[PDB]
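Every chain is numbered from 1, with letters handed out A, B, ... down the list of sequences. Order of listing sets the numbers, starting from 1, for every ligand and every atom in it.
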Amino acid sequence: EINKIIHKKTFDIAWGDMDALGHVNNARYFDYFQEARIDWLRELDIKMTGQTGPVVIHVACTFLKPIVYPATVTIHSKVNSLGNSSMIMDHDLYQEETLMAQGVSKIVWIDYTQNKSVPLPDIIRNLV
Amino acid sequence: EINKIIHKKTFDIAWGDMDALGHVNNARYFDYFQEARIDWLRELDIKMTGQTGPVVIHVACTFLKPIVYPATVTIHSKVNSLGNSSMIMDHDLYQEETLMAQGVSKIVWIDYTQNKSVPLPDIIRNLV
Amino acid sequence: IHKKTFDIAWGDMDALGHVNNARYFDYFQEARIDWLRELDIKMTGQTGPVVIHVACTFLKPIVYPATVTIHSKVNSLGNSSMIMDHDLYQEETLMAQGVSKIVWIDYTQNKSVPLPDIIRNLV
Amino acid sequence: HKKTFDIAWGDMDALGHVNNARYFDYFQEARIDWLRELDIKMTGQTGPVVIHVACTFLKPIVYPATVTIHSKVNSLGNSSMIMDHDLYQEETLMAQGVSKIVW
Ligand SMILES: CC(C)(COP(=O)(O)OP(=O)(O)OC[C@H]1O[C@@H](n2cnc3c(N)ncnc32)[C@H](O)[C@@H]1OP(=O)(O)O)[C@@H](O)C(=O)NCCC(=O)NCCS
Ligand SMILES: CC(C)(COP(=O)(O)OP(=O)(O)OC[C@H]1O[C@@H](n2cnc3c(N)ncnc32)[C@H](O)[C@@H]1OP(=O)(O)O)[C@@H](O)C(=O)NCCC(=O)NCCS
């Protein structure tokens, strides 16, 4: 239902993603989480194009082990907390078996033009 | 001394920082916080080069109002709670009088080569 | 005839301790977009510029910290096209030289339009 | 060398296409990968340094897109070399990068 792994994306880190001390910069993690989230929403008939859509209100990451080039990583994604307009999404970042990072993003649905929160769509509601 | 404003960075957003939705992409915020912080460490005569240095162990941001090109934004940074190896830095990012975001970063001091926790610099200790 | 000065971000560097080369194109792009915005040419509108060619010469590597200056000029005016130069100096040293050929087209219509006269005034 | 990959949505700028610098990121990554295959790493004291780089934009790339980069050594100087990265979407050539590299 809700807190199950609903999306798994595997990909490779670019060497230029690393900063001057030789590991992937922290913002790139949020880029990764971004692509995984967007891909899953793509799976769910939810688009960035429409008049109304999701916006990140909060996002966070816990770094347990550093990632160095080259590395093949897997992201396991689950959605946990649904408000009326808000939702929480979790991203687990693995290198091989080893778990490298923890992402948590609070996303809100809004009318982009009117920058006001709008309630959450039914298709995610169906994950109960 | 501690939760006092210890760094203030004012700058203009780059157009290329915006995503396909016509406002600044979320990771770019973490770039901003990262550079403000690094400038402050520079202010404490701390540079990223030495045998010992800061490592982000946690980072988070709350986005209150969207940012569009062009915009002049200010980051106000304070250090709030100090451990032996860890510290937290808070960032308020305003466009003019309005608050766009609030960032929280937990940083740990380590020996980079050995990947081990190391105590906080004394120059950081002076803010108590 | 235009100079944008700024400070290098530490995160612009790659794992080899120098500003990444693509980041230069980000810099030049920002200088160009800035200068066009100053002349009230905006990225928002239905019609706008599209870069068809861009190039950079790397003379000296840039390391954090560095305060750099970009000097942007349009050297050659076509009818629909233009050539713009962005030279990146760190104080007395010239660090990089970028050259971009730019044409104006309609994003919606995917079609050519002649040059504005105000750009002709950058001569 | 042939590197195929997929475009990230965040690679796009506010105009709905891949930002121009990211192409140089792509080319650079293809180069580094080929070097990795030939057991050449930037870690060592000796390595290639790009002195010139250029790109011609022929057709815009929109998300999603599966792109193939074909990279070859074009011209060998004594210290210099020219390297080409042609970026194709399927059969269509989308961009062409040319970089002059020395050691
Ligand atoms: C969304 C936004 C307009 C506020 O909308 P709103 O109409 O005022 O309604 P809310 O503030 O209550 O936001 C909705 C949810 O965000 C949550 N939220 C609000 N403040 C929060 C905070 N400081 N931290 C974490 N979550 C928060 C609320 O719990 C709320 O949950 P709900 O669905 O149960 O009501 C504002 O956050 C915003 O400007 N977002 C833009 C997003 C952005 O800047 N970048 C995203 C990438 S484009
Ligand atoms: C930072 C790091 C080396 C510490 O490793 P560790 O096994 O957690 O060692 P410790 O548990 O002793 O951590 C020590 C400090 O970090 C804190 N900490 C440890 N584990 C934590 C966790 N899971 N979550 C949040 N904080 C944690 C501790 O409170 C402690 O702070 P203190 O000195 O004030 O008491 C490790 O977490 C790591 O590899 N992080 C990613 C490295 C990196 O590249 N960061 C850059 C961002 S990309």
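- Checked by atom type, the side-chain pair A:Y69/D:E29 shows no donor-acceptor distance below 3.5 Å.
- To the nearest 0.5 Å, atoms CG (B:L82) and CD1 (B:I124) are separated by 7.0 Å.
- Looking at every heavy atom in both residues, D:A21 comes nearest to C:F25 through CB-CB, 3.9 Å.
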Hey, can you pull the donor-acceptor pairs under 3.5 Å for the side chains in residues 6-18 of chain B, sequence neighbours left out?
from: B:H7; atom 1: ND1; to: B:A36; atom 2: O; distance (Å): 3.3
from: B:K8; atom 1: NZ; to: B:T10; atom 2: OG1; distance (Å): 3.4
from: B:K9; atom 1: NZ; to: B:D39; atom 2: OD2; distance (Å): 2.9
from: B:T10; atom 1: OG1; to: B:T74; atom 2: OG1; distance (Å): 3.1
from: B:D12; atom 1: OD1; to: B:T72; atom 2: OG1; distance (Å): 2.4
from: B:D17; atom 1: OD2; to: B:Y32; atom 2: OH; distance (Å): 2.9

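- Using modelled atom types, one finds no donor on one side chain facing an acceptor on the other under 3.5 Å when comparing B:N26 with B:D19.
- Taking each heavy atom of A:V59 and A:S105 in turn, the nearest pair found is CG2-CB, 3.8 Å.
- For ligand 1, the protein residues placed under 4.0 Å by at least one non-hydrogen atom are A:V55, A:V56, A:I57, A:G83, A:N84, A:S85, A:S86, A:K106, A:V108, A:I110, A:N115, A:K116, A:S117, B:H23, B:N26, B:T62, B:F63, B:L64, B:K65, B:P66.
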